[PDB]
Amino acid sequence: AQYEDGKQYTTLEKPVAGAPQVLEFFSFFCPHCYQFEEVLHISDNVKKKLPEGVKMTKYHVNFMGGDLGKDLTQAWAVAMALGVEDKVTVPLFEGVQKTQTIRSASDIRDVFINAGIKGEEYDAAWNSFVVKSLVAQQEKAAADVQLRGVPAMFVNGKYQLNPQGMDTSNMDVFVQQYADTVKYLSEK
């Protein structure tokens with residue numbers, strides 16, 4: 001057919017009960033993730049084509065960047081808890097990968113301060129139990145799909161996107177194919 005298991009997507013041997021409807025994993029250390037977010041805008045184009053009533057979830061992962069990697073998962077939890085993802089995503093990617101000015105938890109914090117999040121508000125969130133469980137949620141979700149690489153996207157805990165089985169020609173065709181594949185899996 002047009003969409004085939006093993007082509008644009010794969011199927012989890014071990015489906016995940018209760019998973020988010022559309023679940024994306026990434027790392028601010030991940031060069032392909034920088035591309036996905038800053039150049040290709042995958043998340044954004046996927047959302048734009050999702051059916052009514054399907055929510056998009058994006059989690060950070062630990063297994064890149066060592067200690068700073070773990071700090072970034074907690075800071076992403078802070079971004080989620082405060083709802084400021086759209087204000088820190090670009091400066092975090094650029095501070096880690098472009099300017100390489102993010103080398104510590106303090107530098108991560110600077111990005112939020114510069115983005116207008118108050119110090120008190122950031123530190124209170126950072127140390128909160130609500131953020132601790134948001135960290136564990138991200139980690140649980142990653143563990144549940146036996147995640148070994150990013151970027152990655154999963155639909156309904158049953159399917160994993162397989163971008164390698166899409167042509168890279170024109171980036172835009174790749175992006176819309178990705179988006180369309182998610183929409184198809186969504187309706188499946």
Side-chain angles (χ1 to χ4, degrees), residues 3 6-10 12 16 19-51 54-66 68-80 83-102 108 111 115 134 137-139 141-186:
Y3 296 107
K7 193 193 297 181
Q8 297 103 333
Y9 70 97
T10 53
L12 304 177
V16 174
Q21 290 166 294
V22 181
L23 178 51
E24 185 188 336
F25 293 94
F26 81 105
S27 173
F28 288 111
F29 274 101
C30 160
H32 282 136
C33 307
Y34 184 106
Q35 291 298 313
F36 262 45
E37 175 63 22
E38 304 295 288
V39 177
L40 298 177
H41 309 279
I42 294 282
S43 294
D44 200 273
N45 284 276
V46 170
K47 263 187 142 125
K48 294 185 330 220
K49 276 176 169 173
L50 292 175
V54 40
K55 132 183 207 175
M56 203 161 166
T57 312
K58 171 146 62 182
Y59 291 160
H60 194 274
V61 300
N62 285 341
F63 60 81
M64 303 184 81
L68 206 50
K70 269 206 93 134
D71 277 326
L72 287 163
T73 301
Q74 190 166 343
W76 186 247
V78 169
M80 291 191 282
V84 297
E85 300 96 324
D86 292 342
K87 288 164 186 199
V88 303
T89 292
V90 166
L92 286 170
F93 262 120
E94 299 192 339
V96 175
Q97 289 190 47
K98 188 191 179 180
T99 59
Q100 282 170 15
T101 46
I102 292 170
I108 294 170
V111 171
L134 247 36
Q137 278 179 240
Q138 295 178 84
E139 294 176 19
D144 286 346
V145 296
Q146 212 164 11
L147 192 63
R148 232 192 312 318
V150 285
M153 197 172 300
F154 296 86
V155 173
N156 295 317
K158 310 180 247 214
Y159 308 100
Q160 182 183 340
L161 266 293
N162 186 38
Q164 79 155 37
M166 311 176 182
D167 47 277
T168 197
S169 343
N170 180 282
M171 314 151 91
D172 309 270
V173 183
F174 166 81
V175 172
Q176 289 323 315
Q177 189 173 21
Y178 198 108
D180 287 352
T181 300
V182 176
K183 181 176 188 294
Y184 159 81
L185 290 176
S186 204

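Computation of the quantities below employed the complete heavy-atom set of this structure, encompassing side-chain atoms and omitting hydrogens, waters and symmetry-equivalent molecules. Nothing fancy with the numbering, it's 1 onward along the sequence.
To the nearest 0.5 angstrom, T168 atom OG1 is 8.0 Å from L40 atom CG. Atom CG of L12 is separated from atom CD of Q160 by 6.5 Å, given to the nearest 0.5 angstrom. Between atom CE of residue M171 and atom NE2 of residue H41 there is a gap of 8.5 Å, rounded to the nearest 0.5 Å. Considering CG of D180 and OH of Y3, their distance stands at 4.5 Å, rounded to 0.5 Å. One finds the CD atom of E85 at 11.0 Å from the OG atom of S43 (value rounded to the nearest 0.5 Å). Rounded to the nearest 0.5 angstrom, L161 CG and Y9 OH are separated by 11.0 Å.
Within 6.0 Å of CG on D86 lie no more than 12 heavy atoms contributed by other residues, nucleotides or ligands. In this structure, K98 places its NZ atom where only 12 or fewer heavy-atom neighbours from other residues, nucleotides or ligands lie under 6.0 Å away. The neighbour count for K47 NZ, taken as heavy atoms of other residues, nucleotides or ligands under 6.0 Å away, does not exceed 12.
Closest approach of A79 and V88 over heavy atoms only: CB-CG2, 3.9 Å. Nearest heavy-atom pair across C30 and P151 is SG-CD, 3.7 Å. Considering all non-hydrogen atoms of both residues, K49 and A179 come closest at CD-CB, 4.0 Å. Here the closest non-hydrogen pair linking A141 and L23 is CB-CD2, 3.9 Å.
Checked against side-chain contact (heavy atoms from CB on, under 4.5 Å), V16 has the following partners two or more places apart in sequence or in another chain: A19, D144, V145.
Residues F154 and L147 have side chains in contact (heavy-atom distance under 4.5 Å, counting atoms from C-beta outward). Using a 4.5 Å heavy-atom threshold, the side chains of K70 and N62 count as touching. With contacts defined as side-chain heavy-atom distances shorter than 4.5 Å, the pair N156/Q21 qualifies. Between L92 and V96 there is no side-chain heavy-atom pair separated by less than 4.5 Å. Looking at heavy atoms from C-beta onward, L68 lies in side-chain contact with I108 at the 4.5 angstrom threshold. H60 has its side chain within reach of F26: a pair of non-hydrogen atoms, C-beta onward, lies under 4.5 Å apart. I42 places a side-chain heavy atom less than 4.5 Å from the side chain of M153. A heavy-atom distance below 4.5 Å is not found between the side chains of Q8 and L185.
Judged by distance alone, with hydrogens and angles left aside, the side-chain atoms of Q97 form a donor-acceptor pair with the main-chain N or O of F28 at under 3.5 Å.
Residues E37 and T89 bring no donor and acceptor atom of their side chains to less than 3.5 Å of each other.
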- Task: Run the numbers on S27 and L72 for side chain to side chain contact (heavy atoms under 4.5 Å, CB included), then give the verdict.
- Result: CA-CA 8 Å; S27 173; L72 287 163; 5.7 Å; no
- Task: Could you walk me through whether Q138 and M80 pass side chain to side chain contact (heavy atoms under 4.5 Å, CB included), step by step?
- Result: CA-CA 11 Å; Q138 295 178 84; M80 291 191 282; 3.4 Å; yes
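Under the 30°/60° scheme for interplanar angles, the aromatic rings of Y59 and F25 are found to stand perpendicular.
If you look at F36 and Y178, their ring centroids are closer than 6.0 Å.
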